[PDB]
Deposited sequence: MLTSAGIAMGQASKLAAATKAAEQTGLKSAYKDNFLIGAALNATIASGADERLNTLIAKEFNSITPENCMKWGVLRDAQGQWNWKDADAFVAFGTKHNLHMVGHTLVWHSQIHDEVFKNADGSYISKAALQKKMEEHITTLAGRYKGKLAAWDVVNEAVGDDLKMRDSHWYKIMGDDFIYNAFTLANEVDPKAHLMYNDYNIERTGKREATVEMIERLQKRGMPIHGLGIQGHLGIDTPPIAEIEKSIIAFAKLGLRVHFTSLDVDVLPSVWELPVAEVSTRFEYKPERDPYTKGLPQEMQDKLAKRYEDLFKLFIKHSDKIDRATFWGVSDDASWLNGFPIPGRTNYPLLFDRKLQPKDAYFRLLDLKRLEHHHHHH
């Protein structure tokens, strides 16, 4: 499978939802063991999913994920310690809406990281310590984290994670950093935190790509720029959106319309071909820069369980991954295998 074909290049990973990570699906257990040598929990280690609004913890799904990776001897990436999404407003705010102090939030971060990264110390090889800190306007994202703590929210998150599990490979992770503008803003931020002595080992490019954009050349610039920071590059959340885009009026663009969901009956072969060529282009690039890249993780296993079916428009039928809704490999899968099977060396 993919993991074996790409053995000499990088890990091949998948994000697993809680149903998959339970181990109850024999067909996926088989598929995953064959294809992937790394996994990431799709949701269960996120603050607002793992904990309730009162801060109470429920380990069932997170433990099941770690048990699954241990059972199958898979490299495991924790996702994610500090992020502005899927986290209760109660972490940051009093019931009246007012923000708590920097000191009070720091205490909460310390408790969260110490507990979560501590539980799985030595079991998870890597952590997405901070996710999505640069805004799409290229300034620091105006989250509660940032408004209360400043850039110390990032510095302190990495410091704490490194104290709790000194052996973990600590990553900053973001989307659209394949693109000019955000790439450079991210480079500058990381540069300035590295200067301050922040422990950081890796840089995650999410890789939520469109069928057309961004071009390979922009992605290449990012691989090269982030590697120059002395960081290992990971592609963390790969998928290819094949459906009409709403990214380019502004307030109805997220509503369901049938014209924006044109493949409910199946993805036609011509689009299968385009999708296969797009993934092939991408993996050619990755192979080219295998010296800089530790991992390529897909944000799901099969198309039936992709988040892009419901984002950014609820209820669509998307086709973003390497396995179809019956778990059969798509044409894109075979193009990826052929890149390695037919590789030329001395």
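- Missing from the model, relative to the deposited sequence, are the ranges 1 to 25, 274 to 277, 376 to 378.
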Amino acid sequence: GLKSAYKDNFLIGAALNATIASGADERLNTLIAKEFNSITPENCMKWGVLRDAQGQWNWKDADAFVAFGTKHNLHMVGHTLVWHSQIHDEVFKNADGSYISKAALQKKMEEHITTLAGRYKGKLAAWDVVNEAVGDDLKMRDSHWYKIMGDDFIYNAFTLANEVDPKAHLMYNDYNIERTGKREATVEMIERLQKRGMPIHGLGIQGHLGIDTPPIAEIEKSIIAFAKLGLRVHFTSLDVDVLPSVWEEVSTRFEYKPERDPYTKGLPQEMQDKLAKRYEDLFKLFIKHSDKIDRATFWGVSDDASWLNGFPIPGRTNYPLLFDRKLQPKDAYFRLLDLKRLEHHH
From here on, numbers count along this sequence of modelled residues.
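- Averaged over CA atoms, B-factors in the entry run higher in 211 to 219 than in the other of 211 to 219 and 98 to 106.
- Looking at 234 to 242 and 172 to 180 together, the entry lists the larger mean B-factor for 172 to 180, computed on C-alpha atoms.
- Ranking 92, 127, 155, 247 by the C-alpha B-factor listed in the PDB entry places 247 at the top.
- Which of 275, 149, 87, 117 has the largest Cα B-factor in the deposited entry comes down to 149.
- Sort the chain's modelled residues by C-alpha temperature factor and residue 144 lands in the middle third, per the entry.
- In this PDB entry, residue 159 carries a Cα temperature factor that places it within the middle third of its chain's modelled residues.
- Compared with the other modelled residues of the chain, the Cα B-factor recorded for residue 267 ranks in the middle third.
- In this PDB entry, the Cα temperature factor of residue 27 sits in the top third of its chain's modelled residues, the highest group.
- Per the deposited record, the Cα B-factor of residue 18 falls in the middle third when ranked against the other modelled residues of its chain.
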